[PDB]
Amino acid sequence: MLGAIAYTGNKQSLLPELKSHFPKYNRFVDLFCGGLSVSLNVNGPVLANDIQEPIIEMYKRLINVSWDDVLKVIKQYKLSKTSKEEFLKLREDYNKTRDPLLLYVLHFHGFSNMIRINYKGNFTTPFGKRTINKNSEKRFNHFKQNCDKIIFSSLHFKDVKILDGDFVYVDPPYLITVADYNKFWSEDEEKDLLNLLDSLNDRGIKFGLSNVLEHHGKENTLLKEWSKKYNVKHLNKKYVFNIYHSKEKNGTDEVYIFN
Amino acid sequence: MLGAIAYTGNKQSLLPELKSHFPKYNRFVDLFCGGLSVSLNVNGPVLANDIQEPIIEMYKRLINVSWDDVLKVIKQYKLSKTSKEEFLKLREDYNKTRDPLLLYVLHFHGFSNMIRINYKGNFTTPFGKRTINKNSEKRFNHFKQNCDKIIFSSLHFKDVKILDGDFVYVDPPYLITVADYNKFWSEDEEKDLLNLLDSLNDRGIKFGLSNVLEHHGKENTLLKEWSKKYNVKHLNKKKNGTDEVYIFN
DNA sequence: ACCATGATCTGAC
DNA sequence: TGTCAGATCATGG
Ligand SMILES: Nc1ncnc2c1ncn2[C@@H]1O[C@H](CSCC[C@H](N)C(=O)O)[C@@H](O)[C@H]1O
Ligand SMILES: Nc1ncnc2c1ncn2[C@@H]1O[C@H](CSCC[C@H](N)C(=O)O)[C@@H](O)[C@H]1O
């Protein structure tokens, strides 16, 4: 299922499986929305939250722009797969003005359609010899067709108010796998997240957590044990199969921990 | 439309457009059949010819081969997308025995399925970290379902005996482009091809020449001029600066 | 490509 | 026999 934008570690492929395990609810809370592949494909009302505010402001702005408004900007900066000079100009403009729409047009031309913003709030992703494709507005239309049920916010996960009747889906960065957004993570942040879930559990709040217990040779010991306190499902078909025809130093172990 | 095997310069994309120009005929002569994307997909009877004997013999052998036979050889050698040493072993066996079935199985494991025969007849394509796949099956099934109307030939084009009522389709190596089989072409070879087509005309025989008049700056001009004599269609669509043409009488 | 994913193919660079 | 974005086709949320 499509997400609003390309995004490292998205759940487009896993969404269908994850939904099957989702409970019934009065309000859905996507604590770490990211590219929204989760928020866009569940029943509302939805609360999509993410720490990276510049990205949330882009979503808030997308709600009121047409594809034409987007093509108008691409035509204005004369952007193409070979327009490095113009890509740099557009990047400079966004870094100064912080026009949310200019950021959306930027990602379409950056390296791997990735959005890398430093602490100063500026876009550092290099040109990617890319541009919109005959399927770029497919995501855009998916977003427009499902944004009406969503309420965005850009707060640190700790500051989000969870209420009775809500279901909390958590998909934080993963220490064991590389990802630009790892910069916002540390062991400390994870402990607070883990502490936070237990609370919702003791408050009659159902939640769901995505993560990886193992990868390439490392492991998240602390989480491995913590998870034994709930219901666990191993989503990576390859890791599951090789447990029986294994050698040892193999791949990733994707899971969905839900109370 | 698929050919019998992947092949650089195949006409799988152009065949539909080309056929709308082909006449009726008593016999279709595919002078430079290559991967057979044309031969397997036109009404027969057909005469499929190519100068590369190894490939033609592979086709001749293929007629008497079942997919399970292909799989038996793959098990026997234990090939896979990571079996580089077993690939080298199969290649060595083919090079010594020259058995066509081994070539067929071997080409599925080489880079882009390319069949590169060197100066002494040995297969030298590098391992391609790949093996058979659904396309392999599809092409094989397509060959078996359409090989009945074809008679194969492995001769230099000037040696093939063309008859009355024949339609001679020719898709030779293009001077302007790059292909491994260009080592068989040259200005002189092309000169004689154009002379033969003229003879076919003098005899009242229909032919169709696929080719390139312009590609990457370079241009073929005796062909441009020689073209003025007959009908020409430009198929350059969607690929850039190239000017794919079809010259027929 | 079609609903969407993903394996594979192919034409620029 | 490199890289890879976009296209093609098989099939499974
Ligand atoms: N303290 C924090 N609070 C909320 N979100 C945080 C955070 N630290 C990092 N993140 C967010 O963690 C997200 C992990 S990616 C989650 C991906 C998402 N489910 C999808 O399908 O695309 C990033 O978007 C990052 O901005
Ligand atoms: N002198 C010659 N006589 C016959 N065939 C020749 C030749 N010199 C080169 N060739 C053959 O020219 C072919 C050009 S490729 C033609 C491709 C074919 N229509 C397809 O759809 O696959 C090659 O297969 C090459 O072996």
Side-chain angles (χ1 to χ4, degrees), chain A residues 1-4 6-7 10-22 35-38 40-43 79-84 87 107-114 126-133 137-143 145-146 233 235-236 254 256, chain B residues 1-3 5-14 16 35 37 80-81 84 87-88 91 107-116 118 123-139 141-142 174 177-180 212 215-217 235 241 244:
Chain A
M1 308 310 280
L2 299 171
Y7 211 75
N10 67 83
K11 296 293 177 282
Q12 299 189 185
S13 299
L14 289 175
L15 182 58
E17 177 58 4
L18 295 172
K19 286 193 62 180
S20 68
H21 296 303
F22 292 171
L36 303 175
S37 85
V38 177
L40 295 176
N41 304 294
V42 304
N43 306 63
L79 297 176
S80 76
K81 31 147 186 167
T82 62
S83 63
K84 175 181 183 174
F87 169 82
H107 107 283
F108 280 138
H109 306 73
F111 188 75
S112 307
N113 295 168
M114 301 287 83
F127 179 53
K129 295 188 178 184
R130 269 168 170 283
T131 189
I132 60 175
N133 47 56
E137 65 173 302
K138 194 182 66 175
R139 280 171 184 287
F140 183 77
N141 295 321
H142 189 63
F143 175 85
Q145 296 174 25
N146 300 86
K233 300 313 166 186
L235 311 171
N236 189 297
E254 301 179 57
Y256 180 61
Chain B
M1 337 203 95
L2 330 127
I5 51 173
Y7 213 81
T8 290
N10 70 70
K11 286 303 177 292
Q12 298 171 187
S13 296
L14 293 168
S37 65
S80 71
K81 68 175 187 185
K84 188 188 173 181
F87 165 77
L88 290 175
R91 188 169 75 182
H107 102 292
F108 287 132
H109 302 90
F111 174 73
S112 307
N113 304 81
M114 183 177 327
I115 298 185
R116 186 170 71 189
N118 74 6
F123 180 94
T124 65
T125 308
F127 180 51
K129 296 182 174 182
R130 54 156 62 231
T131 180
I132 56 176
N133 62 33
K134 299 177 184 305
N135 296 309
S136 308
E137 300 173 6
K138 291 173 66 180
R139 287 197 184 92
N141 287 159
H142 194 66
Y174 304 147
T177 59
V178 60
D180 183 73
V212 157
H215 189 60
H216 289 170
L235 324 173
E244 295 172 54

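Order of the sequence lines sets the chain letters (A, B, ...), proteins ahead of strands, with each chain counted from 1.
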Is there side-chain contact between A:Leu40 and A:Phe143, with heavy atoms separated by less than 4.5 Å?
->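 In contact.
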Indicate, with a heavy-atom threshold strictly under 4.0 Å, whether A:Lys19 touches base, sugar-phosphate, or nothing.
->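 Here A:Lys19 touches no strand at all.
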At under 4.0 Å between heavy atoms, what does A:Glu17 touch on the DNA or RNA strands: base, sugar-phosphate, or nothing?
->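 The residue A:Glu17 makes base contact.
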[X] side-chain proximity, nearest of [options]:
X        : options               : answer
B:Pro126 : C:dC9, C:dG6, D:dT1   : D:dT1
B:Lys134 : C:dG6, C:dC13, D:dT11 : D:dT11
A:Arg130 : C:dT8, D:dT1, D:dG6   : D:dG6
A:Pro16  : D:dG13, C:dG6, C:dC13 : D:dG13
B:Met114 : D:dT1, C:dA4, C:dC9   : D:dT1
A:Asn133 : D:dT1, D:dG6, C:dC9   : D:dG6
B:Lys138 : C:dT5, D:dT1, D:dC9   : D:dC9

Rounded to the Å, how far apart are [X] [atom1] and [N] [atom2]?
X        : N      : atom1 : atom2 : value
B:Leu2   : C:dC9  : CG    : P     : 12 Å
B:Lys84  : D:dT1  : NZ    : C1'   : 12 Å
A:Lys129 : D:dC4  : NZ    : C1'   : 10 Å
A:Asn146 : C:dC3  : CG    : P     : 15 Å
B:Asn10  : C:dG11 : CG    : P     : 8 Å
A:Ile132 : D:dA7  : CD1   : P     : 12 Å
A:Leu79  : D:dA5  : CG    : P     : 17 Å
B:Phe127 : D:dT1  : CZ    : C1'   : 13 Å

Kindly determine whether A:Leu235 and A:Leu18 satisfy side chain to side chain contact (heavy atoms under 4.5 Å, CB included), including the steps that lead there.
-> CA-CA 9 Å; A:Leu235 311 171; A:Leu18 295 172; 4.0 Å; yes
So what's D:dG13 paired with, Watson-Crick or G-U wobble, going by both distances under 3.5 Å?
->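 In the structure as shown, D:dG13 has no Watson-Crick or wobble partner.
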Derivation of the side chain to side chain donor-acceptor pair (under 3.5 Å) call for B:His215 and B:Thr177 = CA-CA 7 Å; B:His215 189 60; B:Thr177 59; 6.0 Å; no
Do the rings of B:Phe123 and B:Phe87 sit parallel, tilted or perpendicular, given the 30° and 60° boundaries?
->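 If you compare the ring of B:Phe123 with that of B:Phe87, the planes turn out perpendicular.
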Is [X] near enough to [N] that one of its side-chain N or O atoms lies under 4.0 angstrom from OP1 or OP2?
X        : N      : answer
A:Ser20  : D:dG13 : no
A:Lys81  : C:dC13 : yes
B:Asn135 : D:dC9  : no
A:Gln12  : C:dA4  : no

B:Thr124/B:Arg116 under side chain to side chain donor-acceptor pair (under 3.5 Å): CA gap, chis, key distance, verdict | CA-CA 6 Å; B:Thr124 65; B:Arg116 186 170 71 189; 3.0 Å; yes
Closest-nucleotide 5' rank along DNA chain C - winner of B:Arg139 and A:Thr82 =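 The residue closer to the strand's 5' end, by nearest nucleotide, is B:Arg139.
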Is there a donor-acceptor contact under 3.5 Å from the side chain of A:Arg139 to the main chain of A:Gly3?
->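 Such a contact is found between A:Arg139 side chain and A:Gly3 backbone.
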